[PDB]
Each structure stands twice: as C-alpha cells, then as structure tokens.
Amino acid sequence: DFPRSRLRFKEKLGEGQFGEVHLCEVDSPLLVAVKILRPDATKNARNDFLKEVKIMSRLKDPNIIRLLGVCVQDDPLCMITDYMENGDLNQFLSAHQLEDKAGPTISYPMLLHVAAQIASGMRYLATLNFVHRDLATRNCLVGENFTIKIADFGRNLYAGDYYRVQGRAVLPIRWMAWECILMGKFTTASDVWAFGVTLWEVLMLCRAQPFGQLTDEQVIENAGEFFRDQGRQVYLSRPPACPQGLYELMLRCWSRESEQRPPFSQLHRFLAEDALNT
C-alpha cells in the first residue's frame, strides 16, 4: 500500500467521470501516472473509484494497463499506473505519416506491431471473459518503443465518437457491432468487431472517424441492415496503407454472425506473422 508522501504532482493529463489523471515524480527520476478523485467528487464517484481498483487489480498483461499501486487505506484515494509518455494512440498516430519507400513517420510493419499488441492484449482479456466494451485507438496508451497498453476506459476531444441520448448509456456506436446497437448484446465477439474498427483506425493512421460522413442515425440504420441481411449494409473502406489481405481480415471481424468472426489468437497470429507476406 503506497505512501502518497512520495508523490510529486507535475502535470494534469486528463479528466474522467469520477477521476483526473496527473503526472507524478516518485522520489524513490521515476515518472508514474496517478489518477485521483475529481474536485467535485460525490460519494457516488468514490464508489466507482474503489470499484475501478477492484476491476483493475485483475489486469496483468504486457499490453493492458497495469495497476502498480494504490493509496486506498486513507484519503486522498489514488491509483498508480505506468506513465505512458506518448499519450493515447489516436493522438499519437495522427501526428505521423506512412513511411515513403522513395513530419514524423511510421512504417507499415510498425502499424502491424501496434495492431498485434492490441490483439495480444484483447486475447488476454478474452481468457478472463472480460468484455472491454469501448475498444478504440483513443483508449489505447502509447509508451516508449511503440509499446501499447489498452486502457480500462476513457474526455471531450473524442465527444463525437459517442452517441448520447438522455437517460441512456453513452454509446460508441461507430465501433459497435450490429447486435450491440440493436440488442445491447456485448460479448467478446463484439469486442472482436470493435477491434476490426480499431485496426481500421490504425491503418487510416486515425485520419478519419469511422463512417465519418454518415450521421449517427445512419450508422444505427446500417446496423439494422446487417440484421435484415439483404446485402444493403455498408462497411469501412480499405485504407491506403492497407493491403487487400489485411482488409479481408478486417471484414471477417464484421461478419454478421458472431461465430464467424475470428478469435483474437488468430487475429494476433495474422498480424504478427502472415501480414508480413508478399
């Protein structure tokens, strides 16, 4: 149980619904991320905080954010993770351009490595029957040497990625499989569908929102068209950097039937091995 006395708050990194995240130095320089309660925290927030600790303490994988420590015994409450020095993957990738064979660059096999790491992380969450429910580049963190960690969740930079109706759950409908949109059904199989969208983002180098020229309402109609199965449904197009082989893998992630979507083990295998084929 970590002593908050050895923490030195340096920068504010972001706000959540019940917490804010700061950069801190640890005198024992060593940089960590510390999430604390927001200044307006009600006791509903406190509970959701203590519950996040419970949930997060499960998570032990190289490509999942890890809980390094807690100050929970006495206030103030805090959560400690590694500090991912390169911020979220959406931001990060947006700052790069695909490497030119003939601004900062990144290579196609590096895009695969980034995607593979997300897959390996999700392969891990699958073994825990843990359903993420909001997998997207914006919720992936980036450390040194293109290391990726999936975050447990989460705030205004990406407001347009969520569909909001008063009294309803805030929903990332553009990353959601049709059965989630239509039936509220969230499974590892729909995490697989959102991974296909996330892989699409990575290949787009986050240059465009999924279905970015369709309205929310049309995205929701598109879901119903997967359901009615009369071939009218539409898909994300193949990104410029994406070979047809990788794209068909993407399309498998958007099979109407949950069963026909690839498992993450296979997604990993492909990204780390097959994808390197000419």
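The numbering used is simple: start at 1 and walk along the sequence shown. Superpose the two forms; the largest set of C-alphas matching within 1.5 Å is the rigid core.
**Q** For a rigid core alignment of each structure in 9 other deposited structures of this protein onto the shown form, which stretch has the higher root mean square Cα deviation: 242-250 or 41-49?
**A** Of the two stretches, the larger average C-alpha offset in 9 other deposited structures of this protein falls on 41-49.
**Q** For a rigid core alignment of each structure in 9 other deposited structures of this protein onto the shown form, which stretch has the higher root mean square Cα deviation: 128-136 or 80-88?
**A** Taking the RMS over all superposed structures in 9 other deposited structures of this protein, 80-88 lies farther out.
**Q** According to the entry, are there none, 1 to 3, 4 to 9, or 10 or more residues of the deposited sequence without coordinates between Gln213 and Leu214?
**A** Gap between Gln213 and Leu214: none.
**Q** Name the higher of the two by mean Cα B-factor in the PDB entry, 250-258 versus 11-19.
**A** 11-19 has the higher mean C-alpha B-factor.
**Q** Between 121-129 and 71-79, point out the one with the higher average CA B-factor as the PDB entry records it.
**A** Taking the mean B-factor of the alpha carbons in each, 71-79 is higher.
**Q** Just to confirm, going by the entry's C-alpha B-factors, which of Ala102, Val202, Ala194, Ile173 comes out highest?
**A** So the option with the highest C-alpha B-factor is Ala102.
**Q** Have a look at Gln209, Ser237, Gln230, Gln244 and flag the one whose Cα has the highest B-factor in the entry.
**A** Among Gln209, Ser237, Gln230, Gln244, the highest C-alpha B-factor in the entry belongs to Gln230.
**Q** Taking only the Cα B-factors deposited for this chain, tell me whether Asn47 sits in the lowest, middle or highest third.
**A** As the PDB entry reports it, the C-alpha B-factor of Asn47 lands in the middle third of its chain.
**Q** When the modelled residues of the chain are sorted by Cα temperature factor, does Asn222 land in the lowest, middle or highest third?
**A** Its C-alpha B-factor, which the entry lists for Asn222, ranks in the middle third among residues of this chain.
**Q** Going by the recorded CA B-factors, say which third of the chain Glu179 sits in, lowest, middle or highest.
**A** Middle third - that is where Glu179 ends up once the chain's C-alpha B-factors are sorted.
**Q** Compared with the other modelled residues in the chain, in which third is the CA B-factor of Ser190?
**A** For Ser190, whose C-alpha B-factor we compare with every modelled residue in the chain, the answer is the lowest third.
**Q** Mind checking which third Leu112 falls in for C-alpha B-factor across the chain?
**A** Lowest third of the chain for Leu112's C-alpha B-factor.
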